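Asker: Once you've had a glance at the structure underneath, I'll fire off some questions.
FYI, it's all coordinate maths here, none of it is from the lab. Cβ: placed from backbone, ideal geometry, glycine included. Neighbour counts: every protein chain shown.
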Amino acid sequence: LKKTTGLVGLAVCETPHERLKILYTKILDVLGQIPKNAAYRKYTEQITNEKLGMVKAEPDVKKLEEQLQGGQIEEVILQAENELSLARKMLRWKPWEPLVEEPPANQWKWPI
Amino acid sequence: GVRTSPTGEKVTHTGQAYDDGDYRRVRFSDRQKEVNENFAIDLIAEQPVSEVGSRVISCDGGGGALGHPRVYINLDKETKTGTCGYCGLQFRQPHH
Amino acid sequence: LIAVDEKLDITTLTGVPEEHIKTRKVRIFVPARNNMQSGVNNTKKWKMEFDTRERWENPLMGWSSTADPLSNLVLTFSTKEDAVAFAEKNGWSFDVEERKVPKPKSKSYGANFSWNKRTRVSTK
Amino acid sequence: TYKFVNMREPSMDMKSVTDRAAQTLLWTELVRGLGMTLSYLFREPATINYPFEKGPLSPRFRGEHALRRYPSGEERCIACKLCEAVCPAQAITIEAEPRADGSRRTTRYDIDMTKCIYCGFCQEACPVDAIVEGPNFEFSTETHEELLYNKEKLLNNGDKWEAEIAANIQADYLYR
Amino acid sequence: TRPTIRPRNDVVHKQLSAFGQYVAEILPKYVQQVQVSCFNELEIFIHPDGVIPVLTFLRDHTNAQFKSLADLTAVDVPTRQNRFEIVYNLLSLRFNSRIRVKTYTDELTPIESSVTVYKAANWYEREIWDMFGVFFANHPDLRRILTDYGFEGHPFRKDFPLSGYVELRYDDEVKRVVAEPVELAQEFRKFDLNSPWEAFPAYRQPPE
Amino acid sequence: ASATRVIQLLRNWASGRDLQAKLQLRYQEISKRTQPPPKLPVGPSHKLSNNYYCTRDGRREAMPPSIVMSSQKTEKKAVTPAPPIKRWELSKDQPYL
Amino acid sequence: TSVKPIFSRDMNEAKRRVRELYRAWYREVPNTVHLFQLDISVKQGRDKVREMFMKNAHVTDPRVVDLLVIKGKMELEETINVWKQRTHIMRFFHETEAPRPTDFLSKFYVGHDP
Amino acid sequence: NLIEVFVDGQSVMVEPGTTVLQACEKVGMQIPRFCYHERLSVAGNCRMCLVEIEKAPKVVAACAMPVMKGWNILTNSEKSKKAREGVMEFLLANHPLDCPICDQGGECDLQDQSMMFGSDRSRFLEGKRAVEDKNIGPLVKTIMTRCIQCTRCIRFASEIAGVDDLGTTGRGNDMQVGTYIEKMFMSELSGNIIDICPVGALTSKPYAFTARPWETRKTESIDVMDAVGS
Ligand code: SF4
Ligand code: SF4
Ligand code: SF4
Ligand code: SF4
Ligand code: FES
Ligand SMILES: [Mg+2]
Ligand SMILES: [Zn+2]
């Protein structure tokens, strides 16, 4: 509907709602493979279901942008893609495990 | 008060003068040696002594905020004059 | 993760000349308190400094010349062990001076007025 | 708030299209630039006739250095080495001893003018207004050594520029 | 009013503390410590091999969009076993915030190159290598950036002399610039400025 | 400036502006190079009483950073570094160039 | 104590990388002499490469060897890309420094150096 | 047996008869001082070391007050800070403006403790006191306008050097330190009064005006003039 997003290289999407729903569903699908007690899984599932609920309840793009407070709808789509990629990488990394190694006895001391 | 060394070289107010056998005098050949003719010690000796009827006087060097930090000189020793050592100024109590 | 049964030595990596690696003896020590002041806040960390080299007089302007790169180099360490480890891994010789702390002293203001002892003062 | 530097579209009416086509075929903006340059040609130049005319300066200007004296002729410097301590580039070398009359006076006061950054810190830290930065700036030399001032050279600078230095310090001393 | 004392921002302090707890909970495997300085700056200390996961999380996470790499440098502390301290400064434009991530390394331990997270890391890590000697594993082009060609040693190290070991001049015999050992007409006069009286009791360390 | 009337007309016509209104050369419109002496204010800490440095010491109020989490040592809502930055408003003064 | 290897695992692979870098430098000296118009011989350049390799022959840490070969590759690619000038290439040879004395009597005569 | 005292709430076991200053020294806190020297007797006159005990309405001289069981020493409390500021205010009210022409310069306890524990401004709108200078030999130069009447030189002279020719003459603000007669304090231990004097009243005469503390490089060696090996 709008001519440009105002940002160089960011094209306008004619179907924001469907793309956002697809991306959020894929993110939720990836998070199901993460352990239930993982702190990463709970927070991003919470925020994704919060944002997925907003897109399923507001059909107007301008009001959806106002409600999401994430910039423009194309920026929201790009952020959803980044979150999906991060979820996949964290699934590969598994950073919910206990600390790899405590530092030496005096490593963050200051002044020294 | 400039003074001349035995080699004909002017002596500065710090007493500096190259020795006769010193090779470093070659830098002045076909040129000159920078010596300031005014001697602060001689000028401040030329300055007189101020007589004030007080045991303690104050000196700020003249000019107020344009001088030196204000100091107090105790004029009790009658065998000498009290000298403000910021500006080398002598003060004395009236004798006789 | 490889296992190396070798001592740490980075002399070939630091880029220091061989002369200033081999012929240098650093001094690991805690600086003595400046006798002109009663503060002791400069006697808390260990210091590493090099041996004094020659200083001569500039023919022009009479300034103090030097040919020693490490004349002004002083390093600060929190521990004698840390300083020794740094010196060992950098390959310089080192001389270690044990820290000197003042011994505890028994003070009493009432000793200035002793009835039979020499601690009685003649003035206040 | 924000504004768009370039987000306007041109009107596609026939008159505006013809105007743009006339601008393209008849180089209107190029003629406009020519007119601007012609106007500047017929304006008066902003060039001063140096060395017979000098650019304006202020009492705060930091130029060549000078060692000052008291009105009695005594040197103001008391060998306190505050300027040497505060010098960023370490351009000042000072050596002192008691004088014949016991005064605390310097024997060596060197400033390397090829090392100095002319930052004015030495005259700020001086408690007796001894070291100052004079108004002189035309003191270029032909050899490097001539820019390595010593105490005699600085005292000669002070004696040479004392009147102007005193006037500038009088003008600007209430802001310090 | 206290006109000469900097005012504090408890709101921003609490927000930064909450977000530090958030990231520490999300990444327990790497995050070692979280601090908030009293002038409202969040600082995260992580394990050296968590650099890529932590930076990728802080860049791509929806609740942490630190899309900009403000700076990347290192600090040399010879008294530590791991003398080099790598510092990343990130800026989040979406939430108008800044964060700092600190890791540690020594001479012989590489640090993963973050050119796949931020493209500025290329030149920032080149400078870190050139000035401290820290090697970055997967770097597209790792070489000197600021020092002269063939320069030996890493000058920002605390043990490197201020004037270095060599100096340059033009030699007329060989018709080229030559490098010779450094020799100063005036030696840099070292000053001892520290006062022997403690200034800040709040930072006093235990005698141990 | 000192110029002929015809030359001023030519300059104004060529540039399209009245140049005499905005001249780039200074003609006695600048401040005098000699000024009366000033008297600068003192400050807020120049009191003679109820002015102790311990109550106005900024450096001594600095503290080591608070250790929020240290490894050595309900459903929480997800948090952000700060509230999301609000959308900027278009300029009322001149929205477009 | 197990440590993260930069490369080469044990010492054999570090020696292999040293040999690879030595071959790369050995095959480059004629090109360096040709491009930089050096007045030295190709044999002189190869001898200098050998000498610079031999002063690190006492290293027994594979990670130090890996860092040394990394820096050798860096200074080789500076020579190949002609980023260096004849100035640096001849800085390798110390053609202008006076020969420092090495015996006790001469060192005693000249100055106070150890 | 050791008694338990508290410095800023931190427990520390100290021997009976230990002072507040020594307890703070044990916990690593150096209380400011001008007259206290650990090698000399306790004078307690400069009043710079006043600290607050937790329940005591009155500040105590930390250099002369033995600690009691269960004493909490508030070293950085408001009362202690105000006491230090007041004492420094009196000291600098009567002190002269001689810092640039003074050899003590950057190694002065008055300057450092004024920068660390005193105020940054002066309320003294009167004239200052100027004191005649004495002559006690060719080694120690005396500018007694800078003296703060801390009696470190007197105590050192008497107790350490066994020479009782230093003391205070007069009383009040006109109290002066000297011999009261033209006598040279000649002894083999005369420079230590130069060392222990916190101000520039006693300075080295051969070293006068030659250098400043920040310039000098310190080389830690031993002494060869005798067989003590100082
Ligand atoms: S102007 Fe600055 S750099 Fe120059 S001598 Fe003064 S303090 Fe030093
Ligand atoms: S600051 Fe002034 S009085 Fe002090 S040494 Fe420098 S020129 Fe001399
Ligand atoms: S004794 Fe200390 S405070 Fe007094 S003039 Fe000397 S340096 Fe300044
Ligand atoms: S001369 Fe010095 S040591 Fe003696 S009482 Fe005065 S300040 Fe103390
Ligand atoms: S140090 Fe205690 S009163 Fe002087
Ligand atoms: Mg003294
Ligand atoms: Zn005076």
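Asker: Quick one: which of H:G118, H:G127, H:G137 is in contact with a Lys or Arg (Cβ under 9 Å, 6 or more places away or on another chain), under 30 Å from F:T55 (Cβ atoms) and away from ligand 4 (no atom under 13 Å from the Cβ)?
Answerer: One residue alone meets the criteria, H:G118.
Asker: Among the residues of region D:64-112, what is the count of those that are of a type in the set (S, T, Y) and part of a loop (DSSP other than H, G, I, E, B)?
Answerer: Narrowing region D:64-112 to residues of a type in the set (S, T, Y): D:70, D:72, D:93, D:103, D:106-107, D:109.
With part of a loop (DSSP other than H, G, I, E, B) added as a condition, the list becomes D:70, D:72, D:103.
Result for region D:64-112: 3.
Asker: Continuing with this model, one more query. Tell me which residues, restricted to region E:182-194, are more than 7 Å from chain C (Cβ to nearest Cβ), surrounded by 13 or more Cβ atoms within 10 Å (Cβ to Cβ) and farther than 20 Å from C:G62 by Cβ. Give the derivation first.
Answerer: Start the filter on region E:182-194 by keeping residues that are more than 7 Å from chain C (Cβ to nearest Cβ), which leaves E:189, E:191-193.
Still in the list and also surrounded by 13 or more Cβ atoms within 10 Å (Cβ to Cβ): E:189, E:191-192.
Selection gives E:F191, E:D192.
Asker: Since D:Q170 meets every condition but one in (1) at the interface with another protein chain (Cβ under 9 Å from one of its Cβ atoms); (2) farther than 20 Å from B:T14 by Cβ; (3) within 16 Å of ligand 1 (Cβ to nearest atom), which condition does it not meet?
Answerer: Failed condition: (3).
Asker: In addition: What pairs come out if I take residues in region D:71-95 that are facing another protein chain (nearest Cβ under 7 Å) and pair them with residues that are in a helix (DSSP H, G or I) and more than 16 Å from ligand 7 (Cβ to nearest atom) whose C-beta lies under 7 Å away, six or more apart or interchain?
Answerer: The qualifying pairs are D:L82/D:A125.
Asker: Let me ask something else about it. Taking the conditions exactly as written (touching a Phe, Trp or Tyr at 6+ places or on another chain (Cβ under 7 Å) and closer than 30 Å to E:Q32 by Cβ), does A:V30 satisfy them or not?
Answerer: Criteria not met by A:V30.
Asker: Restricting attention to region G:71-114, which residues are of a type in the set (S, T, Y) and out of contact with any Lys or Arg (no Cβ under 6 Å at 6 or more places or on another chain)?
Answerer: Matches in region G:71-114: G:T79, G:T96, G:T102, G:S106, G:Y109.
Asker: So which residues in region C:89-108 are over 27 Å from C:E49 (Cβ atoms) and not polar (S, T, N, Q)?
Answerer: Listed by number, the residues that qualify are C:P104, C:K105, C:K107.
Asker: Could I ask something else about it? Considering only residues that are surrounded by 14 or more Cβ atoms within 10 Å (Cβ to Cβ), part of a loop (DSSP other than H, G, I, E, B) and of a type in the set (S, T, N, Q), look in region F:44-97 and name the one that is farthest from the other protein chains (Cβ to nearest Cβ).
Answerer: Filtering first and then ranking leaves F:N51.
Asker: How many of the residues making up region B:17-42 are surrounded by 16 or more Cβ atoms within 10 Å (Cβ to Cβ) and part of a helix (DSSP H, G or I)?
Answerer: Here the count works out to 3.
Asker: Residues in region H:109-132: is at least one within 16 Å of ligand 5 (Cβ to nearest atom) and among the β-branched types (V, I, T)?
Answerer: For region H:109-132, residues within 16 Å of ligand 5 (Cβ to nearest atom) and among the β-branched types (V, I, T): absent.
Asker: Kindly indicate whether any position in region D:150-159 is of a type in the set (S, T, N, Q), more than 12 Å from ligand 1 (Cβ to nearest atom) and within 14 Å of the chain's Cα centre (by Cα).
Answerer: Narrowing region D:150-159 to residues of a type in the set (S, T, N, Q): D:150, D:156-157.
Those left that are additionally more than 12 Å from ligand 1 (Cβ to nearest atom): D:150, D:156-157.
Applying the additional criterion that residues be within 14 Å of the chain's Cα centre (by Cα) yields none.
Looking through region D:150-159, none of the residues is of a type in the set (S, T, N, Q), more than 12 Å from ligand 1 (Cβ to nearest atom) and within 14 Å of the chain's Cα centre (by Cα).
Asker: For region E:1-50, enumerate the residues that are aliphatic (A, V, I, L, M), surrounded by fewer than 22 Cβ atoms within 10 Å (Cβ to Cβ) and part of a helix (DSSP H, G or I).
Answerer: E:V11, E:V12, E:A18, E:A24 - these are the residues of region E:1-50 that are aliphatic (A, V, I, L, M), surrounded by fewer than 22 Cβ atoms within 10 Å (Cβ to Cβ) and part of a helix (DSSP H, G or I).
Asker: Also, quick follow-up: Can you tell me which residue is farthest from ligand 1 (Cβ to nearest atom) among those in region D:123-138 that are over 17 Å from D:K81 (Cα atoms) and either away from every other protein chain (no Cβ under 14 Å) or among the β-branched types (V, I, T) (or both)?
Answerer: Taking the candidates together, the pick is D:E138.
Asker: How many residues are more than 7 Å from every other protein chain (Cβ to nearest Cβ) and in a loop (DSSP other than H, G, I, E, B) if we restrict to region B:43-66?
Answerer: 8
Asker: Of the residues in region B:64-86, how many are within 16 Å of ligand 3 (Cβ to nearest atom) and among the β-branched types (V, I, T)?
Answerer: So the answer is 2.
Asker: From the list C:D82, C:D68, pick out the single residue that is acidic (D, E), surrounded by 18 or more Cβ atoms within 10 Å (Cβ to Cβ) and farther than 23 Å from E:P181 by Cα. Give the steps one after another, and end with the answer.
Answerer: Values: C:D68 fails: farther than 23 Å from E:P181 by Cα.
Result of the check over C:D82, C:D68: C:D82.
Asker: Taking region E:80-109 on its own, how many of its residues are assigned to a loop (DSSP other than H, G, I, E, B), more than 13 Å from the chain's Cα centre (by Cα) and buried (at least 21 other Cβ atoms within 10 Å of the Cβ)?
Answerer: Final tally of qualifying residues: 4.
Asker: Still on this structure, please answer the following. Would you please name the residue that is farthest from the other protein chains (Cβ to nearest Cβ), looking only at residues in region H:112-143 that are crowded, with 16+ Cβ neighbours inside 10 Å and under 24 Å from F:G43 (Cβ atoms)?
Answerer: Checking each candidate, the answer is H:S114.
Asker: Sort through F:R5, F:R17 and tell me the only one that's surrounded by fewer than 10 Cβ atoms within 10 Å (Cβ to Cβ), more than 7 Å from every other protein chain (Cβ to nearest Cβ) and out of contact with any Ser or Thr (no Cβ under 7 Å at 6 or more places or on another chain).
Answerer: Sole residue among the options that is surrounded by fewer than 10 Cβ atoms within 10 Å (Cβ to Cβ), more than 7 Å from every other protein chain (Cβ to nearest Cβ) and out of contact with any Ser or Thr (no Cβ under 7 Å at 6 or more places or on another chain): F:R5.
Asker: Of everything in region D:96-122, what is among the hydrophobic types (A, V, I, L, M, F, W, C) and away from chain B (no Cβ under 13 Å)? Give them in sequence order.
Answerer: Those that are among the hydrophobic types (A, V, I, L, M, F, W, C) and away from chain B (no Cβ under 13 Å): D:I111, D:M113, D:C116, D:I117, D:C119, D:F121, D:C122.
Asker: For region B:49-87: of the residues being surrounded by 20 or more Cβ atoms within 10 Å (Cβ to Cβ) and over 17 Å from H:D133 (Cα atoms), which is farthest from ligand 1 (Cβ to nearest atom)?
Answerer: B:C59
Each row is one residue, and each column tells you yes or no for (1) of a type outside the set (D, E, K, R); (2) over 30 Å from C:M48 (Cα atoms).
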residue: H:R152; (1), (2): no, yes
residue: H:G178; (1), (2): yes, yes
residue: H:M186; (1), (2): yes, yes
residue: H:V199; (1), (2): yes, yes
residue: H:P206; (1), (2): yes, yes
residue: H:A211; (1), (2): yes, no
residue: H:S230; (1), (2): yes, no
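Asker: So which residues in region D:97-130 are within 16 Å of ligand 3 (Cβ to nearest atom) and either among the aliphatic types (A, V, I, L, M) or touching a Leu at 6+ places or on another chain (Cβ under 8 Å) (or both), if there are any at all?
Answerer: Scanning region D:97-130 gives D:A125, D:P127, D:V128.
Asker: While we're on this one: Are there helices (runs of 4 or more DSSP H) fully within region G:62-114 with at least 2 residues that are surrounded by 18 or more Cβ atoms within 10 Å (Cβ to Cβ)? List them.
Answerer: Qualifying helices (runs of 4 or more DSSP H): G:62-80, G:86-91.
Asker: Go through region D:79-110 and give me each residue that's within 13 Å of D:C126 (Cβ to Cβ), aliphatic (A, V, I, L, M), surrounded by 17 or more Cβ atoms within 10 Å (Cβ to Cβ) and within 21 Å of the chain's Cα centre (by Cα). Give the derivation first.
Answerer: Within region D:79-110, the subset within 13 Å of D:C126 (Cβ to Cβ) is D:79-87, D:92, D:94, D:106, D:109.
Okay, now just the ones that are also aliphatic (A, V, I, L, M), so D:79, D:82, D:85-86, D:92, D:94.
Going one step further and asking which of them are surrounded by 17 or more Cβ atoms within 10 Å (Cβ to Cβ), we end up with D:79, D:82, D:85, D:92, D:94.
Across region D:79-110, the qualifying residue is only D:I92.
Asker: Looking only at region C:51-94, how many residues end up being outside any loop (DSSP other than H, G, I, E, B) and either of a type in the set (A, V, I, L, M) or within 19 Å of G:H112 (Cβ to Cβ) (or both)?
Answerer: Selection size over region C:51-94: 13.
Asker: Which residue pairs have Cβ atoms under 8 Å apart, sit 6 or more places apart or on different chains, and have a first residue in region H:183-209 that is within 16 Å of H:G167 (Cβ to Cβ) and a second that is within 16 Å of ligand 7 (Cβ to nearest atom) and polar (S, T, N, Q)?
Answerer: Short answer, once both residue conditions are applied: H:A201/H:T145.
Asker: Conditions: (1) crowded, with 20+ Cβ neighbours inside 10 Å; (2) within 16 Å of ligand 6 (Cβ to nearest atom); (3) of a type outside the set (S, T, Y). H:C99 meets all but one. Number of the miss?
Answerer: (1) is the only condition that H:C99 fails.
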